[PDB]
Amino acid sequence: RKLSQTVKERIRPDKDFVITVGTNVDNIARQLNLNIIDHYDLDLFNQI
Amino acid sequence: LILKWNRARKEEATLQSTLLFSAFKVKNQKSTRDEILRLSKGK
Amino acid sequence: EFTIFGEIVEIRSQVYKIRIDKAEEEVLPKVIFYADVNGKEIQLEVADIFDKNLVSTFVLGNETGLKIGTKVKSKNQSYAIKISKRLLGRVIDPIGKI
Amino acid sequence: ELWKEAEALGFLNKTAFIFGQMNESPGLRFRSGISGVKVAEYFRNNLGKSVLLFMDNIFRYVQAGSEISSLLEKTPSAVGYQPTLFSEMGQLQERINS
Amino acid sequence: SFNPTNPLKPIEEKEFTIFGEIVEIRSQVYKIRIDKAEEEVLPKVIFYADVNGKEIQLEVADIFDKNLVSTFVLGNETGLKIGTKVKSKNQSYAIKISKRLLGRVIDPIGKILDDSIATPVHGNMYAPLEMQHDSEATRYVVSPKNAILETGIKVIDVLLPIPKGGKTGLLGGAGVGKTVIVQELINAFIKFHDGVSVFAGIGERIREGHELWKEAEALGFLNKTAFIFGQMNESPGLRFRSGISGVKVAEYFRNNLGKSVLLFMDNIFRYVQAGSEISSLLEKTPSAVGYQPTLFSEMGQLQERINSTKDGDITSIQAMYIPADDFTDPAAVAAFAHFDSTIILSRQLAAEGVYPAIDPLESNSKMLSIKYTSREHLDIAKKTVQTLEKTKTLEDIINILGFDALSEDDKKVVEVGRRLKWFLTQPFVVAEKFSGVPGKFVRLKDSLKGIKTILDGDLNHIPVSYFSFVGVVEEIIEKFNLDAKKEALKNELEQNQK
Amino acid sequence: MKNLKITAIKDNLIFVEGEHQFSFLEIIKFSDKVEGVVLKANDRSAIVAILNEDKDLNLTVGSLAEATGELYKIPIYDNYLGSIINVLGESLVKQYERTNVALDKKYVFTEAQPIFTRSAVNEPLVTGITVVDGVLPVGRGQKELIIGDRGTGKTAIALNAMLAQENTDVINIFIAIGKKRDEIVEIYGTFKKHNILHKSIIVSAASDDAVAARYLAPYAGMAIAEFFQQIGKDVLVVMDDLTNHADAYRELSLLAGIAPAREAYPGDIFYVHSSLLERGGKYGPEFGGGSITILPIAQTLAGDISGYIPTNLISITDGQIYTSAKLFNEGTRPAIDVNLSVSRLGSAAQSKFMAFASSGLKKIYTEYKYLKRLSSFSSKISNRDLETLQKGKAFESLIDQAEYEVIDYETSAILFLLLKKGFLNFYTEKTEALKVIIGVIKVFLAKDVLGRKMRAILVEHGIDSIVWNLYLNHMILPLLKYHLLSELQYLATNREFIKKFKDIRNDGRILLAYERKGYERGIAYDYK
Amino acid sequence: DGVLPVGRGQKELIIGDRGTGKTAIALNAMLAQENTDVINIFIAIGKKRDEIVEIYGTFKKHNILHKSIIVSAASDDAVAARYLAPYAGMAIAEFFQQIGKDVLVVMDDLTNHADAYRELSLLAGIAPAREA
Ligand SMILES: Nc1ncnc2c1ncn2[C@@H]1O[C@H](COP(=O)(O)OP(=O)(O)OP(=O)(O)O)[C@@H](O)[C@H]1O
Ligand SMILES: Nc1ncnc2c1ncn2[C@@H]1O[C@H](COP(=O)(O)OP(=O)(O)OP(=O)(O)O)[C@@H](O)[C@H]1O
Ligand SMILES: Nc1ncnc2c1ncn2[C@@H]1O[C@H](COP(=O)(O)OP(=O)(O)OP(=O)(O)O)[C@@H](O)[C@H]1O
Ligand SMILES: [Mg+2]
Ligand SMILES: [Mg+2]
Ligand SMILES: [Mg+2]
């Protein structure tokens with residue numbers, strides 16, 4: 001919820017593009033209707 | 001867990017002791033009744 | 001007036017059996033029998049009435065001085081205490097001792 | 001200590017104390033609450049005042065009742081308690097009404 | 001035709017020879033003093049009394065003197081006073097038995113319970129308490145168990161096979177599902193059985209007995225079933241004799257007609273409870289937990305008559321009640337010694353939604369032997385129970401230390417264990433009223449194939465939720481495939497739209 | 001004439017002497033009012049448990065008594081309705097005058113009617129509680145136990161169930177065993193306020209009354225209920241509570257000299273409660289043709305449902321309702337734990353529309369709890385599990401309901417239908433908005449003539465009819481769509497939201513009108 | 001045989017829960033004496049008749065029947081019979097031992113024997129002790 005507040009604060013849907021990995025932040029972005037360029041899976045972060 | 005075990009064991013032990021003494025107190029009713037009779041008569 | 005009279009025929013810790021000798025009325029449950037020993041009175045409350053004469057009691061207070069053959073009498077009433085507005089500021093026990 | 005503090009803080013003149021303490025026989029401990037209830041009833045009914053009854057410790061009333069029942073050779077129930085436990089609690093508590 | 005070798009013999013005709021009156025009264029227990037008698041009174045005989053034309057029977061328990069006996073009532077005591085006249089034939093209680101009992105609902109003493117006009121049941125008078133045989137050795141000519149019944153329930157068919165000619169027991173606390181499993185077994189066994197069926201309700205609900213009688217009428221197997229009902233509204237004297245009467249009826253149908261009897265008893269704990277109450281009312285020294293001293297003997301006196309001989313088989317399915325969920329209760333310990341198959345129900349599993357709430361880690365079956373099943377069935381059952389035990393051990397580690405502490409093997413073991421646990425649940429045909437999910441009947445080989453597939457790890461991709469309350473594993477596969485197809489079609493449609 | 005004499009008074013029991021033919025529960029009359037019941041008897045002596053007391057009688061050794069020769073039968077009087085009575089039939093608080101002609105005399109230990117006199121349960125008993133009426137149905141003739149901890153709202157549930165019978169033909173009977181007098185008087189006042197007094201009786205045995213009175217009170221209440229049922233009336237009986245009754249029986253047995261058993265209760269406590277409770281049910285027309293619905297109440301210790309008396313009672317009744325102390329501590333009223341509760345009658349004790357509206361919601365709730373308590377490795381949640389979680393969270397918001405609030409059966413059915421069809425899942429992020437919309441829908445269905453028309457056509461034409469579908473699509477769904485758009489704007493683009501709310505107009509004038517009406521008694525500056 | 005040795009003349013209890021394989025262990029002990037000179041006596045206290053018959057059949061199949069005795073007191077026999085069964089079995093064992101034989105005795109099981117004795121004592125009028 002702190003991340004949701006921060007994203008709602010310092011991101012604009014027109015001049016900014018959001019890459020979301022994981023279901024939670026993907027849902028947050030979709031609710032904020034931001035520009036989701038692409039989506040990944042959380043396991044991708046496991047291997048650097 | 002300690003609390004529950006202590007409570008349960010106390011309850012079970014008290015019930016067992018009372019039930020054991022029940023037989024002894026039943027088997028000695030006649031003596032009590034005769035003593036009551038002879039005390040009632042008395043002097 | 002004190003209507004019931006009798007003696008003590010059985011003793012134990014806190015429990016005493018009383019045999020009634022003279023009574024103008026039948027004993028009632030929970031009435032108080034008074035025993036006067038060495039200038040002090042001791043109250044025994046009726047619990048069980050086994051017979052017209054025999055009865056069992058438990059002591060309301062200290063029991064020192066009670067013994068077999070102690071004479072007891074009762075008004076066939078329960079225990080009573082003195083109550084008024086002069087009771088405020090005083091310290092008493094349940095039976096009214098100061 | 002409580003009696004001294006009541007005297008020193010100034011509310012002793014409007015408080016009545018009935019003390020059946022752990023040094024007493026089971027009869028007095030068992031009758032303390034009943035005597036307090038009777039005193040409060042007198043204060044409300046005869047003097048037309050509002051009474052704040054205070055009991056401590058109320059568990060000792062139950063303990064004294066169980067001790068008296070054990071002394072009278074009655075079969076205990078639950079954790080060695082008297083069969084007439086809730087009946088005695090009701091007897092004490094039903095008289096504190098409005 | 002069939003030639004009986006140990007047939008039951010009807011009681012002997014007699015005249016009332018003992019006369020007396022009630023000198024002490026109590027609730028359910030009365031003392032009778034005998035005034036006139038041409039013979040000495042025997043234990044367990046019946047004294048009859050009449051009050052306003054209503055007959056009251058009292059069974060003899062103790063014989064203090066030549067003239068004084070103690071008795072307990074078989075039925076309602078309303079009407080008995082001091083001085084009521086009683087007469088006795090010096091014989092124990094008897095009921096009318098014949099082939100006409102099938103489809104009739106009676107109580108332990110033979111009172112009609114299915115119509116108000118009380119249509120009589122024809123037959124001969126037989127005394128359930130009096131069992132007659134040539135000698136003790138005759139009781140040892142019994143057939144060995146050599147068959148297993150198929151129930152259609154995955155867990156029971158795989159891990160806890162039910163004997164034919166043996167005894168199975170369903171143990172559990174209050175409201176865990178004993179009656180539902182008993183009704184499902186009745187549905188899956190009767191109408192396909194080469195014989196007759198006897199149901200004995202012992203201290204159970206009146207509504208349950210009415211429901212079962214109506215279901216028997218509706219599904220057409222009423223005429224093949226004999227009902228006996230001493231329920232929880234009856235006196236201790238009647239709840240103590242329901243099982244004896246049911247066993248006597250089964251023995252009549254086996255010894256005298258050469259039929260195989262399916263005996264259902266519910267609830268078999270109430271028989272012991274009623275015996276305990278009767279013993280307590282007669283002022284006898286209690287045993288531990290306040291039970292009667294003769295608890296094990298009383299259980300054996302009823303359980304040993306349920307045997308299988310060359311005339312036929314008597315298969316017993318019994319429900320046992322566990323007071324306060326205490327499985328160390330003396331009644332449970334006494335009952336454990338007689339069950340060839342034992343099925344123990346868990347309250348925690350029922351709370352989680354597992355139905356039937358059978359705990360395979362607490363149950364056992366003696367039919368899991370090479371003498372009765374194949375090698376493959378034994379191996380599958382052993383592997384299943386081992387995997388469930390390992391999963392139960394690992395769940396504590398998961399709960400306390402988190403999930404990442406496990407290895408790759410432990411995680412795979414937990415996944416297989418969860419899938420196995422949720423695959424064993426199954427919707428019952430009788431349980432359609434509770435939810436509405438249609439019942440399923442899974443045969444043994446389908447259950448074995450599904451359990452083997454799950455054990456191999458073939459279905460670890462399918463989420464656990466899909467495994468609950470299905471039949472064969474093909475249903476799980478179909479549901480998964482259809483859901484994946486719907487997801488793929490929706491994704492393709494939205495990507496076409498974008 | 002007097003024929004007995006008192007010889008001893010021990011253990012609160014009276015020993016009488018005198019030749020007579022005693023019987024169990026035979027009435028012994030010590031005066032014109034004080035009576036006792038014979039417990040055991042020789043041919044010249046008896047042991048008696050008193051039922052009531054008199055100040056002036058002074059019952060002691062040597063007092064004379066009469067053996068009436070008859071059993072303990074309770075008499076029925078016309079003025080029982082709207083009154084509090086004791087076990088002997090004396091009006092402690094009465095509303096009307098009594099004519100001294102007894103309508104009937106009913107035996108206290110009347111045996112239950114046999115199997116052939118019963119009938120299947122097929123008619124609902126509206127308790128006024130949404131979750132009870134929809135997921136835990138109670139029919140006419142069904143025994144539903146109310147099991148719970150101390151101070152969790154069981155008496156409130158029973159009182160709500162009885163207050164819901166204000167506009168029905170069901171007679172309420174409330175048996176109180178060892179309750180507080182100032183609570184019985186408060187319940188009497190509550191009955192008087194809600195206009196159900198004329199059809200309600202209270203049978204009272206106080207906590208300090210005679211042990212025989214506390215033991216025999218439920219049987220006297222059941223005899224009264226049986227009298228009412230013999231003229232073909234539906235009776236709803238509430239026993240509060242059977243823990244006190246078990247305690248009274250244990251006290252009487254232990255003072256009478258009986259040996260103890262598990263938890264010191266006598267060995268036949270189960271028989272006591274089972275023979276008491278087997279006298280309620282649905283009966284065929286040839287045997288009265290009524291019903292006796294019982295709602296016993298019982299108390300657990302620290303939420304231990306596996307206690308001796310709670311499990312003894314569960315094995316007698318047809319399901320139970322469990323009230324949680326954890327839920328009650330969180331301000332959730334009623335604190336009903338649905339996962340631990342059950343009704344064994346099921347959909348057979350519901351109306352067709354109610355049965356269809358909540359067909360598989362209890363199982364969904366159990367699955368929702370199981371998933372919520374489950375810890376897994378893959379933090380990816382399948383669509384089915386997401387649907388289950390959302391529907392369970394939505395269901396959790398229908399339980400809340402104010403005290404003494406009676407919700408109509410059709411309102412509960414409509415709310416459960418809305419939940420089942422999936423319209424309430426979108427509120428998974430805002431629960432206060434869900435509460436507001438449920439309140440608005442309830443007000444609309446209760447007050448507006450179109451809401452009552454909707455409920456009436458739901459009753460007579462069913463859910464599947466075209467008229468009810470039109471009513472749902474033009475009255476209720478637009479309001480939900482408007483509220484969801486207002487509270488959560490992003491739902492305007494959600495795929496499922498578009499799929500469901502496709503041919504639904506975004507009309508929300510009902511909520512705005514009700515908000516205006518509520519705020520019209522509004523002031524710019526507060527006085528306090 | 002290897003880790004928990006049993007010698008001739010040693011009384012060795014078999015203790016456990018229900019359905020764990022105690023009777024199976026005792027039966028294995030008796031079946032291993034097929035080629036030896038030990039005499040088997042099996043005492044059943046409060047056991048089911050069908051189980052005893054099955055055990056007799058198992059004895060017959062493994063050719064150890066010709067030197068095996070079963071002393072049976074079923075679960076519905078008189079309580080005095082169940083109390084006296086182990087003593088009679090041990091008397092038979094002592095008869096065989098007095099002529100120089102080796103005897104293996106199995107009692108299944110002594111908890112039922114204690115229960116039978118407790119029932120006898122409570123019925124007779126003996127004061128109860130720990131666990132009655
Ligand atoms: N739905 C409700 N909403 C709000 N308050 C409620 C509700 N139901 C009950 N209460 C309140 O909660 C309190 C406890 O309820 P109640 O006295 O009925 O419970 P109980 O289980 O009968 O308790 P006790 O153990 O004292 O008999 C009471 O003050 C009651 O008014
Ligand atoms: N197979 C099942 N499927 C669904 N629900 C079930 C199943 N078995 C039991 N239940 C649930 O459990 C409840 C109790 O079942 P049942 O009547 O068989 O219990 P019981 O063990 O006989 O109880 P009691 O101790 O009261 O005799 C049912 O009403 C039902 O809600
Ligand atoms: N070595 C073994 N291998 C496989 N199964 C075995 C083995 N030993 C025993 N069993 C099985 O274990 C089960 C219990 O057998 P057994 O009769 O010895 O048990 P028990 O401990 O005496 O039980 P109870 O309490 O019923 O008397 C049976 O199903 C039997 O087939
Ligand atoms: Mg059942
Ligand atoms: Mg309450
Ligand atoms: Mg064994």
# chains A, B, ... in the order shown; residues from 1 in each chain; ligands from 1
>>> residues_near_ligand(ligand="ligand 3", cutoff="7 Å", atoms="only C-alpha atoms and all ligand atoms", output="PDB file with N, CA, C and O atoms, in the first residue's frame")
ATOM      1  N   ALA E 337     -11.817 -54.116  20.353  1.00  0.00           N
ATOM      2  CA  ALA E 337     -11.368 -55.500  20.327  1.00  0.00           C
ATOM      3  C   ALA E 337     -12.186 -56.385  19.397  1.00  0.00           C
ATOM      4  O   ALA E 337     -11.796 -57.536  19.174  1.00  0.00           O
ATOM      5  N   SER E 365      -7.152 -51.772   9.193  1.00  0.00           N
ATOM      6  CA  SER E 365      -7.987 -52.845   8.672  1.00  0.00           C
ATOM      7  C   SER E 365      -7.169 -54.123   8.586  1.00  0.00           C
ATOM      8  O   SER E 365      -6.031 -54.103   8.110  1.00  0.00           O
ATOM      9  N   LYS E 366      -7.752 -55.227   9.043  1.00  0.00           N
ATOM     10  CA  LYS E 366      -7.111 -56.532   8.979  1.00  0.00           C
ATOM     11  C   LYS E 366      -7.357 -57.241   7.654  1.00  0.00           C
ATOM     12  O   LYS E 366      -6.828 -58.336   7.445  1.00  0.00           O
ATOM     13  N   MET E 367      -8.146 -56.643   6.762  1.00  0.00           N
ATOM     14  CA  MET E 367      -8.342 -57.169   5.419  1.00  0.00           C
ATOM     15  C   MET E 367      -7.234 -56.764   4.459  1.00  0.00           C
ATOM     16  O   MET E 367      -7.237 -57.219   3.311  1.00  0.00           O
ATOM     17  N   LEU E 368      -6.296 -55.920   4.892  1.00  0.00           N
ATOM     18  CA  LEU E 368      -5.135 -55.565   4.080  1.00  0.00           C
ATOM     19  C   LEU E 368      -4.058 -56.636   4.261  1.00  0.00           C
ATOM     20  O   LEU E 368      -3.010 -56.430   4.874  1.00  0.00           O
ATOM     21  N   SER E 369      -4.345 -57.810   3.706  1.00  0.00           N
ATOM     22  CA  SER E 369      -3.445 -58.948   3.782  1.00  0.00           C
ATOM     23  C   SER E 369      -3.394 -59.627   2.423  1.00  0.00           C
ATOM     24  O   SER E 369      -4.290 -59.467   1.592  1.00  0.00           O
TER      25      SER E 369
ATOM     26  N   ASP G  17       0.293 -50.539  20.793  1.00  0.00           N
ATOM     27  CA  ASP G  17      -1.054 -50.077  20.491  1.00  0.00           C
ATOM     28  C   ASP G  17      -1.822 -51.136  19.705  1.00  0.00           C
ATOM     29  O   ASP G  17      -1.294 -52.191  19.342  1.00  0.00           O
ATOM     30  N   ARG G  18      -3.089 -50.843  19.434  1.00  0.00           N
ATOM     31  CA  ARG G  18      -3.934 -51.760  18.686  1.00  0.00           C
ATOM     32  C   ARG G  18      -3.540 -51.786  17.215  1.00  0.00           C
ATOM     33  O   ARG G  18      -3.182 -50.760  16.630  1.00  0.00           O
ATOM     34  N   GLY G  19      -3.618 -52.970  16.616  1.00  0.00           N
ATOM     35  CA  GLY G  19      -3.355 -53.112  15.193  1.00  0.00           C
ATOM     36  C   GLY G  19      -1.942 -52.764  14.783  1.00  0.00           C
ATOM     37  O   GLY G  19      -1.736 -52.179  13.713  1.00  0.00           O
ATOM     38  N   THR G  20      -0.957 -53.109  15.612  1.00  0.00           N
ATOM     39  CA  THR G  20       0.439 -52.841  15.304  1.00  0.00           C
ATOM     40  C   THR G  20       1.248 -54.095  15.008  1.00  0.00           C
ATOM     41  O   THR G  20       2.380 -53.979  14.527  1.00  0.00           O
ATOM     42  N   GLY G  21       0.707 -55.280  15.275  1.00  0.00           N
ATOM     43  CA  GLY G  21       1.377 -56.514  14.915  1.00  0.00           C
ATOM     44  C   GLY G  21       2.035 -57.238  16.071  1.00  0.00           C
ATOM     45  O   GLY G  21       3.133 -57.778  15.919  1.00  0.00           O
ATOM     46  N   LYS G  22       1.377 -57.257  17.231  1.00  0.00           N
ATOM     47  CA  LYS G  22       1.907 -57.984  18.381  1.00  0.00           C
ATOM     48  C   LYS G  22       1.588 -59.470  18.283  1.00  0.00           C
ATOM     49  O   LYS G  22       2.473 -60.324  18.446  1.00  0.00           O
ATOM     50  N   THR G  23       0.319 -59.792  18.020  1.00  0.00           N
ATOM     51  CA  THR G  23      -0.069 -61.181  17.817  1.00  0.00           C
ATOM     52  C   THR G  23       0.711 -61.798  16.667  1.00  0.00           C
ATOM     53  O   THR G  23       1.051 -62.983  16.706  1.00  0.00           O
ATOM     54  N   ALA G  24       1.007 -61.007  15.635  1.00  0.00           N
ATOM     55  CA  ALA G  24       1.795 -61.515  14.519  1.00  0.00           C
ATOM     56  C   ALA G  24       3.206 -61.879  14.962  1.00  0.00           C
ATOM     57  O   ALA G  24       3.759 -62.893  14.522  1.00  0.00           O
ATOM     58  N   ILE G  25       3.804 -61.068  15.837  1.00  0.00           N
ATOM     59  CA  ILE G  25       5.140 -61.371  16.349  1.00  0.00           C
ATOM     60  C   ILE G  25       5.119 -62.655  17.169  1.00  0.00           C
ATOM     61  O   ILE G  25       5.987 -63.525  17.020  1.00  0.00           O
TER      62      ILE G  25
END
>>> residues_near_ligand(ligand="ligand 4", cutoff="8 Å", atoms="only C-alpha atoms and all ligand atoms", output="PDB file with N, CA, C and O atoms, in the first residue's frame")
ATOM      1  N   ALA E 174     -19.428 -36.413  18.121  1.00  0.00           N
ATOM      2  CA  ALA E 174     -20.760 -35.949  17.764  1.00  0.00           C
ATOM      3  C   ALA E 174     -20.708 -35.116  16.491  1.00  0.00           C
ATOM      4  O   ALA E 174     -19.909 -34.180  16.381  1.00  0.00           O
ATOM      5  N   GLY E 175     -21.564 -35.455  15.533  1.00  0.00           N
ATOM      6  CA  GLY E 175     -21.684 -34.686  14.307  1.00  0.00           C
ATOM      7  C   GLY E 175     -20.476 -34.705  13.397  1.00  0.00           C
ATOM      8  O   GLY E 175     -20.104 -33.658  12.852  1.00  0.00           O
ATOM      9  N   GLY E 177     -20.190 -37.497  11.000  1.00  0.00           N
ATOM     10  CA  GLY E 177     -20.620 -38.143   9.775  1.00  0.00           C
ATOM     11  C   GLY E 177     -20.757 -39.652   9.826  1.00  0.00           C
ATOM     12  O   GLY E 177     -20.607 -40.317   8.798  1.00  0.00           O
ATOM     13  N   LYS E 178     -21.038 -40.211  11.004  1.00  0.00           N
ATOM     14  CA  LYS E 178     -21.218 -41.657  11.103  1.00  0.00           C
ATOM     15  C   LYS E 178     -22.502 -42.103  10.412  1.00  0.00           C
ATOM     16  O   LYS E 178     -22.502 -43.071   9.642  1.00  0.00           O
ATOM     17  N   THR E 179     -23.607 -41.402  10.674  1.00  0.00           N
ATOM     18  CA  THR E 179     -24.897 -41.811  10.126  1.00  0.00           C
ATOM     19  C   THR E 179     -24.923 -41.678   8.609  1.00  0.00           C
ATOM     20  O   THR E 179     -25.527 -42.507   7.920  1.00  0.00           O
ATOM     21  N   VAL E 180     -24.275 -40.644   8.069  1.00  0.00           N
ATOM     22  CA  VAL E 180     -24.242 -40.466   6.620  1.00  0.00           C
ATOM     23  C   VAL E 180     -23.490 -41.615   5.958  1.00  0.00           C
ATOM     24  O   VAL E 180     -23.918 -42.141   4.924  1.00  0.00           O
ATOM     25  N   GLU E 204     -30.863 -43.603  19.015  1.00  0.00           N
ATOM     26  CA  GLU E 204     -30.604 -42.598  17.994  1.00  0.00           C
ATOM     27  C   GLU E 204     -31.841 -41.724  17.806  1.00  0.00           C
ATOM     28  O   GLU E 204     -32.849 -41.876  18.499  1.00  0.00           O
ATOM     29  N   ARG E 205     -31.751 -40.799  16.856  1.00  0.00           N
ATOM     30  CA  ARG E 205     -32.822 -39.839  16.641  1.00  0.00           C
ATOM     31  C   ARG E 205     -34.068 -40.518  16.082  1.00  0.00           C
ATOM     32  O   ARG E 205     -33.990 -41.497  15.335  1.00  0.00           O
ATOM     33  N   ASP E 266     -26.780 -49.019  14.904  1.00  0.00           N
ATOM     34  CA  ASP E 266     -26.486 -47.600  15.098  1.00  0.00           C
ATOM     35  C   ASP E 266     -27.439 -47.070  16.152  1.00  0.00           C
ATOM     36  O   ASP E 266     -28.651 -47.068  15.931  1.00  0.00           O
ATOM     37  N   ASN E 267     -26.923 -46.648  17.303  1.00  0.00           N
ATOM     38  CA  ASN E 267     -25.501 -46.555  17.604  1.00  0.00           C
ATOM     39  C   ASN E 267     -25.124 -47.576  18.675  1.00  0.00           C
ATOM     40  O   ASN E 267     -25.804 -47.692  19.692  1.00  0.00           O
ATOM     41  N   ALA E 319     -21.905 -48.316  14.065  1.00  0.00           N
ATOM     42  CA  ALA E 319     -21.462 -46.963  14.366  1.00  0.00           C
ATOM     43  C   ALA E 319     -21.230 -46.843  15.864  1.00  0.00           C
ATOM     44  O   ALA E 319     -22.094 -47.215  16.662  1.00  0.00           O
TER      45      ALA E 319
ATOM     46  N   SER F 315     -25.372 -34.384  19.655  1.00  0.00           N
ATOM     47  CA  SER F 315     -25.837 -35.684  19.210  1.00  0.00           C
ATOM     48  C   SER F 315     -27.328 -35.845  19.299  1.00  0.00           C
ATOM     49  O   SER F 315     -27.853 -36.863  18.883  1.00  0.00           O
TER      50      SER F 315
END
>>> interface_residues(of="chain A", to="chain F", cutoff="12 Å", atoms="only C-alpha atoms", output="mmCIF file with N, CA, C and O atoms, in the first residue's frame")
data_model
loop_
_atom_site.group_PDB
_atom_site.id
_atom_site.type_symbol
_atom_site.label_atom_id
_atom_site.label_comp_id
_atom_site.auth_asym_id
_atom_site.auth_seq_id
_atom_site.Cartn_x
_atom_site.Cartn_y
_atom_site.Cartn_z
ATOM 1 N N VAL A 21 6.177 -6.634 -12.600
ATOM 2 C CA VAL A 21 6.434 -8.058 -12.433
ATOM 3 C C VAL A 21 5.715 -8.524 -11.175
ATOM 4 O O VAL A 21 5.849 -7.909 -10.110
ATOM 5 N N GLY A 22 4.943 -9.589 -11.299
ATOM 6 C CA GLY A 22 4.136 -10.047 -10.189
ATOM 7 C C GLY A 22 2.700 -9.570 -10.299
ATOM 8 O O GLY A 22 2.401 -8.534 -10.902
ATOM 9 N N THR A 23 1.790 -10.343 -9.704
ATOM 10 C CA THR A 23 0.366 -10.058 -9.847
ATOM 11 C C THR A 23 -0.029 -8.767 -9.136
ATOM 12 O O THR A 23 -0.859 -8.004 -9.643
ATOM 13 N N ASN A 24 0.552 -8.504 -7.962
ATOM 14 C CA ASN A 24 0.083 -7.393 -7.136
ATOM 15 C C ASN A 24 0.345 -6.044 -7.797
ATOM 16 O O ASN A 24 -0.567 -5.218 -7.930
ATOM 17 N N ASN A 27 -1.766 -5.570 -10.902
ATOM 18 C CA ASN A 27 -3.113 -5.126 -10.564
ATOM 19 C C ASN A 27 -3.126 -3.657 -10.168
ATOM 20 O O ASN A 27 -4.043 -2.917 -10.536
ATOM 21 N N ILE A 28 -2.114 -3.218 -9.416
ATOM 22 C CA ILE A 28 -2.051 -1.817 -9.000
ATOM 23 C C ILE A 28 -1.966 -0.906 -10.221
ATOM 24 O O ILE A 28 -2.700 0.084 -10.338
ATOM 25 N N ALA A 29 -1.071 -1.238 -11.155
ATOM 26 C CA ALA A 29 -0.927 -0.439 -12.366
ATOM 27 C C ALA A 29 -2.203 -0.458 -13.198
ATOM 28 O O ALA A 29 -2.628 0.581 -13.716
ATOM 29 N N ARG A 30 -2.827 -1.632 -13.340
ATOM 30 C CA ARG A 30 -4.054 -1.720 -14.125
ATOM 31 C C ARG A 30 -5.166 -0.884 -13.506
ATOM 32 O O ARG A 30 -5.964 -0.269 -14.221
ATOM 33 N N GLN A 31 -5.240 -0.855 -12.172
ATOM 34 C CA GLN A 31 -6.217 -0.002 -11.504
ATOM 35 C C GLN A 31 -5.903 1.471 -11.723
ATOM 36 O O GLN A 31 -6.814 2.287 -11.901
ATOM 37 N N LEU A 32 -4.619 1.836 -11.714
ATOM 38 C CA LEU A 32 -4.240 3.206 -12.033
ATOM 39 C C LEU A 32 -4.232 3.488 -13.529
ATOM 40 O O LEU A 32 -4.053 4.646 -13.920
ATOM 41 N N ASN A 33 -4.423 2.464 -14.364
ATOM 42 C CA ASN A 33 -4.490 2.617 -15.820
ATOM 43 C C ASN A 33 -3.226 3.267 -16.377
ATOM 44 O O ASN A 33 -3.282 4.108 -17.276
ATOM 45 N N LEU A 34 -2.076 2.875 -15.838
ATOM 46 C CA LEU A 34 -0.803 3.366 -16.335
ATOM 47 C C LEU A 34 -0.405 2.611 -17.602
ATOM 48 O O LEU A 34 -1.029 1.622 -17.995
ATOM 49 N N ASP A 41 7.122 -12.565 -14.832
ATOM 50 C CA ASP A 41 6.811 -13.431 -13.705
ATOM 51 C C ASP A 41 7.835 -13.213 -12.600
ATOM 52 O O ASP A 41 9.002 -12.910 -12.866
ATOM 53 N N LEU A 42 7.385 -13.367 -11.352
ATOM 54 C CA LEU A 42 8.244 -13.066 -10.210
ATOM 55 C C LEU A 42 9.479 -13.957 -10.173
ATOM 56 O O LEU A 42 10.551 -13.510 -9.748
ATOM 57 N N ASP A 43 9.357 -15.210 -10.621
ATOM 58 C CA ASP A 43 10.497 -16.118 -10.600
ATOM 59 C C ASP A 43 11.661 -15.600 -11.434
ATOM 60 O O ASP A 43 12.810 -15.969 -11.169
#
>>> decode(residues="region 17-21 of chain C", atoms="C-alpha atoms", output="CSV table (one decimal), in the first residue's frame")
chain,number,residue,atom,x,y,z
C,17,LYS,CA,-24.2,-32.5,66.8
C,18,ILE,CA,-26.9,-31.3,69.2
C,19,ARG,CA,-29.6,-33.4,70.8
C,20,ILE,CA,-32.7,-31.4,71.7
C,21,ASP,CA,-34.2,-32.0,75.2
